[PDB]
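Text of my_file_18.cif, listed as mmCIF, C-alpha atoms and all ligand atoms:
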```cif
data_final
#
loop_
_atom_site.label_atom_id
_atom_site.label_comp_id
_atom_site.auth_asym_id
_atom_site.auth_seq_id
_atom_site.Cartn_x
_atom_site.Cartn_y
_atom_site.Cartn_z
CA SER A 71 25.13 76.22 42.63
CA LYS A 72 24.57 72.44 42.57
CA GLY A 73 28.25 71.92 43.40
CA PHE A 74 31.31 72.59 41.29
CA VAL A 75 30.86 69.53 39.04
CA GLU A 76 27.61 71.05 37.78
CA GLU A 77 29.56 74.17 36.78
CA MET A 78 32.10 72.03 34.92
CA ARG A 79 29.28 70.22 33.14
CA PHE A 80 27.45 73.42 32.20
CA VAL A 81 30.64 74.85 30.66
CA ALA A 82 31.40 71.59 28.83
CA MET A 83 27.89 71.17 27.38
CA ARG A 84 27.96 74.71 25.99
CA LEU A 85 31.07 73.68 24.00
CA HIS A 86 29.32 70.88 22.11
CA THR A 87 27.68 71.43 18.77
CA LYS A 88 23.92 71.37 18.47
CA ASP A 89 24.68 68.35 16.25
CA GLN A 90 25.90 66.70 19.49
CA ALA A 91 23.68 67.85 22.36
CA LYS A 92 20.68 69.97 23.35
CA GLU A 93 22.75 72.61 25.18
CA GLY A 94 25.49 72.84 22.54
CA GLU A 95 26.28 76.27 21.12
CA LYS A 96 29.21 75.48 18.83
CA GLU A 97 28.81 75.51 15.06
CA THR A 98 29.54 72.32 13.13
CA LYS A 99 32.87 73.20 11.51
CA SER A 100 35.05 70.07 11.47
CA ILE A 101 34.46 66.49 10.37
CA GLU A 102 34.56 65.17 13.96
CA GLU A 103 31.65 67.48 14.82
CA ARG A 104 29.26 65.77 12.38
CA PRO A 105 26.37 63.77 13.88
CA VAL A 106 27.74 60.41 14.98
CA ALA A 107 25.16 58.65 12.79
CA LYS A 108 26.89 60.22 9.74
CA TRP A 109 30.45 59.19 10.67
CA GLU A 110 32.45 56.88 8.39
CA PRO A 111 35.18 55.37 10.56
CA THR A 112 37.81 52.96 9.32
CA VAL A 113 39.55 50.29 11.36
CA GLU A 114 42.86 51.97 10.48
CA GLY A 115 41.76 55.34 11.86
CA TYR A 116 40.02 53.72 14.83
CA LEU A 117 43.28 51.95 15.74
CA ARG A 118 45.17 55.25 15.57
CA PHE A 119 42.48 56.67 17.87
CA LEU A 120 42.76 53.79 20.35
CA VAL A 121 46.56 53.93 20.41
CA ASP A 122 46.59 57.71 20.88
CA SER A 123 43.84 57.44 23.50
CA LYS A 124 45.85 54.73 25.30
CA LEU A 125 48.81 57.08 25.68
CA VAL A 126 46.58 59.77 27.19
CA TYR A 127 44.92 57.34 29.61
CA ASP A 128 48.29 55.78 30.47
CA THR A 129 49.56 59.28 31.32
CA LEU A 130 46.51 60.23 33.41
CA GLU A 131 46.41 56.95 35.30
CA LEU A 132 50.17 56.84 35.97
CA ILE A 133 50.16 60.42 37.27
CA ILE A 134 47.37 59.55 39.69
CA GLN A 135 48.69 56.20 40.90
CA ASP A 136 52.17 57.59 41.62
CA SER A 137 51.06 60.86 43.23
CA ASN A 138 50.98 61.81 46.90
CA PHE A 139 49.33 65.17 46.16
CA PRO A 140 45.99 64.72 47.99
CA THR A 141 44.00 66.30 45.13
CA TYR A 142 45.29 63.70 42.67
CA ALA A 143 45.34 60.77 45.13
CA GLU A 144 41.60 61.28 45.67
CA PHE A 145 41.12 59.66 42.24
CA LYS A 146 43.04 56.42 42.64
CA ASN A 147 40.94 53.32 41.87
CA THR A 148 37.85 55.04 40.51
CA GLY A 149 36.79 52.11 38.37
CA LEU A 150 36.93 54.46 35.35
CA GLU A 151 40.56 53.61 34.45
CA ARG A 152 40.99 52.64 30.79
CA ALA A 153 44.68 51.86 30.11
CA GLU A 154 44.50 48.09 30.70
CA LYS A 155 41.17 47.76 28.87
CA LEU A 156 42.72 49.48 25.83
CA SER A 157 45.67 47.09 26.03
CA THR A 158 43.25 44.17 25.89
CA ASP A 159 41.45 45.72 22.92
CA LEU A 160 44.67 46.53 21.08
CA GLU A 161 45.53 42.87 21.70
CA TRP A 162 42.24 41.84 20.11
CA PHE A 163 42.98 43.89 16.98
CA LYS A 164 46.40 42.22 16.74
CA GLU A 165 44.89 38.72 16.80
CA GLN A 166 42.34 39.80 14.17
CA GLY A 167 45.34 40.46 11.90
CA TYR A 168 45.77 44.23 12.14
CA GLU A 169 49.06 45.95 12.88
CA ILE A 170 49.03 48.34 15.82
CA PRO A 171 50.29 51.83 14.89
CA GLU A 172 52.65 53.90 16.97
CA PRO A 173 51.34 56.95 18.86
CA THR A 174 51.10 60.02 16.65
CA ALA A 175 51.24 63.73 17.45
CA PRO A 176 47.65 64.17 18.80
CA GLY A 177 48.23 61.62 21.56
CA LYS A 178 51.85 62.61 22.20
CA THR A 179 51.07 66.33 22.41
CA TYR A 180 48.09 65.80 24.73
CA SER A 181 49.97 63.36 26.96
CA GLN A 182 52.89 65.79 27.15
CA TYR A 183 50.58 68.71 27.97
CA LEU A 184 48.89 66.75 30.76
CA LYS A 185 52.19 65.97 32.50
CA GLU A 186 53.16 69.65 32.50
CA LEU A 187 49.78 70.63 33.99
CA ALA A 188 49.98 67.87 36.61
CA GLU A 189 53.24 69.39 37.85
CA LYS A 190 52.29 73.08 37.61
CA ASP A 191 48.51 73.67 37.48
CA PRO A 192 46.27 71.26 39.42
CA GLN A 193 43.10 73.23 38.61
CA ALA A 194 43.71 72.88 34.87
CA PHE A 195 44.77 69.24 35.26
CA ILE A 196 41.55 68.38 37.09
CA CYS A 197 39.51 70.01 34.32
CA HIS A 198 41.08 67.71 31.73
CA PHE A 199 40.67 64.74 34.07
CA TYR A 200 36.94 65.42 34.31
CA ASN A 201 36.42 66.12 30.62
CA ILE A 202 38.42 63.13 29.37
CA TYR A 203 36.73 60.49 31.55
CA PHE A 204 33.23 61.94 31.54
CA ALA A 205 33.28 62.54 27.78
CA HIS A 206 34.16 58.88 27.27
CA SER A 207 31.18 57.58 29.26
CA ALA A 208 28.84 60.05 27.51
CA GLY A 209 29.38 60.72 23.79
CA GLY A 210 32.30 58.30 23.77
CA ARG A 211 29.92 55.37 24.14
CA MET A 212 27.76 56.66 21.27
CA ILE A 213 30.88 56.76 19.09
CA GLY A 214 31.97 53.30 20.21
CA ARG A 215 28.57 51.82 19.36
CA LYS A 216 28.54 53.47 15.93
CA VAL A 217 32.05 52.19 15.24
CA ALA A 218 31.14 48.69 16.45
CA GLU A 219 28.01 48.54 14.27
CA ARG A 220 29.70 49.82 11.13
CA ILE A 221 33.17 48.19 11.03
CA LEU A 222 33.56 45.82 14.01
CA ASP A 223 30.48 43.56 13.59
CA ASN A 224 29.20 44.61 17.03
CA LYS A 225 32.28 43.60 18.99
CA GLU A 226 31.89 45.26 22.39
CA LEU A 227 35.44 46.26 23.34
CA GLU A 228 36.68 46.40 26.94
CA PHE A 229 37.23 50.15 26.40
CA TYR A 230 33.43 50.46 26.74
CA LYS A 231 33.00 48.12 29.74
CA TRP A 232 33.13 48.96 33.44
CA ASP A 233 33.65 46.48 36.25
CA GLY A 234 31.18 48.21 38.56
CA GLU A 235 27.96 49.99 37.70
CA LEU A 236 28.84 53.01 35.57
CA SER A 237 26.35 55.53 36.96
CA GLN A 238 27.49 54.96 40.55
CA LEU A 239 31.18 55.08 39.58
CA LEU A 240 30.57 58.42 37.86
CA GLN A 241 28.67 59.87 40.83
CA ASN A 242 31.45 58.77 43.20
CA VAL A 243 33.98 60.66 41.06
CA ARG A 244 31.63 63.66 40.87
CA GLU A 245 31.48 63.77 44.67
CA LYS A 246 35.28 63.55 44.87
CA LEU A 247 35.59 66.41 42.39
CA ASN A 248 33.24 68.53 44.51
CA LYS A 249 35.32 67.54 47.54
CA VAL A 250 38.63 68.72 46.08
CA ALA A 251 37.05 71.89 44.67
CA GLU A 252 35.75 72.96 48.08
CA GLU A 253 39.41 73.42 49.06
CA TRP A 254 39.94 75.76 46.08
CA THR A 255 39.52 79.49 45.87
CA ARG A 256 36.83 80.93 43.62
CA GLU A 257 39.52 82.11 41.19
CA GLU A 258 41.02 78.60 41.14
CA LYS A 259 37.58 77.18 40.37
CA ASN A 260 37.31 79.78 37.60
CA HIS A 261 40.69 78.77 36.17
CA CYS A 262 39.53 75.14 36.04
CA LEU A 263 36.40 76.12 34.09
CA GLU A 264 38.32 78.32 31.63
CA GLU A 265 40.51 75.30 30.80
CA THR A 266 37.58 73.35 29.33
CA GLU A 267 38.03 74.70 25.79
CA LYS A 268 41.62 73.43 25.68
CA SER A 269 40.35 70.01 26.72
CA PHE A 270 37.89 69.94 23.81
CA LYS A 271 40.67 71.06 21.44
CA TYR A 272 43.14 68.36 22.49
CA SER A 273 40.48 65.64 22.72
CA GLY A 274 38.94 66.75 19.42
CA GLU A 275 42.19 66.20 17.54
CA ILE A 276 42.35 62.62 18.85
CA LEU A 277 38.71 61.89 17.94
CA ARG A 278 39.47 63.15 14.43
CA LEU A 279 41.81 60.16 13.96
CA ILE A 280 38.73 57.91 13.76
CA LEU A 281 37.80 59.72 10.54
CA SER A 282 41.32 60.15 9.05
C1 LIG B 1 31.57 63.38 18.56
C2 LIG B 1 31.85 63.99 19.71
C3 LIG B 1 30.89 64.12 20.92
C4 LIG B 1 29.59 63.77 21.06
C5 LIG B 1 28.65 63.12 20.01
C6 LIG B 1 29.18 64.10 22.41
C7 LIG B 1 27.93 63.91 22.94
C8 LIG B 1 27.55 64.06 24.25
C9 LIG B 1 26.24 63.78 24.81
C10 LIG B 1 25.03 63.26 23.99
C11 LIG B 1 26.27 64.05 26.12
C12 LIG B 1 25.10 63.88 27.12
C13 LIG B 1 24.19 65.10 27.16
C14 LIG B 1 23.03 64.85 28.11
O1 LIG B 1 22.78 63.67 28.44
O2 LIG B 1 22.37 65.84 28.54
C15 LIG B 1 27.62 64.50 26.45
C16 LIG B 1 28.08 64.88 27.68
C17 LIG B 1 29.36 65.33 27.96
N1 LIG B 1 30.36 65.55 27.03
FE1 LIG B 1 30.29 65.09 25.01
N2 LIG B 1 30.26 64.65 23.06
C18 LIG B 1 31.32 64.68 22.18
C19 LIG B 1 32.59 65.17 22.45
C20 LIG B 1 33.03 65.60 23.68
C21 LIG B 1 34.36 66.07 24.00
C22 LIG B 1 35.50 66.17 22.95
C23 LIG B 1 34.38 66.41 25.30
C24 LIG B 1 35.52 66.95 26.20
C25 LIG B 1 36.82 66.82 25.92
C26 LIG B 1 33.06 66.13 25.84
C27 LIG B 1 32.69 66.33 27.15
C28 LIG B 1 31.48 65.98 27.71
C29 LIG B 1 31.16 66.04 29.12
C30 LIG B 1 32.12 66.47 30.24
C31 LIG B 1 29.90 65.65 29.28
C32 LIG B 1 29.17 65.55 30.63
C33 LIG B 1 29.01 64.07 30.95
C34 LIG B 1 28.42 63.86 32.32
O3 LIG B 1 27.77 64.79 32.88
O4 LIG B 1 28.61 62.74 32.87
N3 LIG B 1 32.26 65.65 24.82
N4 LIG B 1 28.36 64.50 25.28
#
```
Target encoding structure tokens, full file:
Amino acid sequence: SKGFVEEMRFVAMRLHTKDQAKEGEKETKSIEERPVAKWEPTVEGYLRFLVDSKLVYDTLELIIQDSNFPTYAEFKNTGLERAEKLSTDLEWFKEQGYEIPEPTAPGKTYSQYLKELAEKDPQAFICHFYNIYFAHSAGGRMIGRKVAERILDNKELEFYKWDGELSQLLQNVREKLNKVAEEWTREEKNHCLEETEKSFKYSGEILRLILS
């Protein structure tokens, strides 16, 4: 009742583990659901995660920049875009001497699924849009810090930097999400919310690469 973004957040928080957040109701079943403080990332797995994340963000950001669909065009130039930052960070790993892997199935499958939804199901597409970006600025930063401390000697990658002030950029996007949702039917809103589990499933398989 605080606007549709609060409904999306309520549904998403319920899908965390208690090992992740106060409101979480999921059991800790997989290795990527362990408390971040207990994670043991490797640079090799982290690179696979960054490459597979880059494909997903490339897909999201290209869909939005090239679209004339007013729902999608509302989210051009949010300040949250990550594709170029990830390119810079993949460049930094190359100069440190690491070889950059090719995108694997978790990134390819998610990127492919997002294109299909962008063409056919805007309500579902928006749900993934919200969960991918707003996860990254929430638990994603906790993961990035833990990875930086343990294996990167506190390098702060561009992936975890924003050109404006993060909290205002997020609230601007929240307002735009509420704006597009007010032109949806209640069922369409409901379809968006029911999509959240799929977003955790696809994102969860990418996060797992950090630990593989
Ligand atoms: C290791 C994995 C994860 C951890 C440790 C984590 C942790 C957190 C934490 C601590 C918060 C903030 C809770 C609060 O301040 O009340 C949060 C918010 C959130 N998380 Fe996660 N999370 C993880 C994975 C995910 C995934 C896979 C998704 C979705 C694909 C997701 C979606 C969200 C969303 C949408 C929010 C709301 C952020 C906002 O309101 O701006 N999280 N998460």
Would you kindly identify which residues have an atom no farther than 12 Å from (29.0, 76.8, 17.5), using all atoms listed in the file and the file's own coordinates, and write them out as an MDAnalysis selection string? chainID A and resid 83:91 93:100 103
What's around residue 270 (chain A) at 9 Å? Count only C-alpha atoms, leave out sequence neighbours fewer than 3 positions away in its own chain, and write the answer as a ChimeraX atom specification. /A:82,85-86,198,201-202,266-267,273-275
Which value, in Å to one decimal, gives the distance between CA of residue 130 (chain A) and CA of residue 188 (chain A)? 9.0 Å
Tell me which of A:77, A:272, A:257, A:215 sits closest to residue 109 (chain A), counting all atoms listed in the file. A:215
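Using all atoms listed in the file for every distance, the candidate list A:150, A:134, A:117, A:251 yields A:150 as the residue closest to ligand LIG 1 (chain B).
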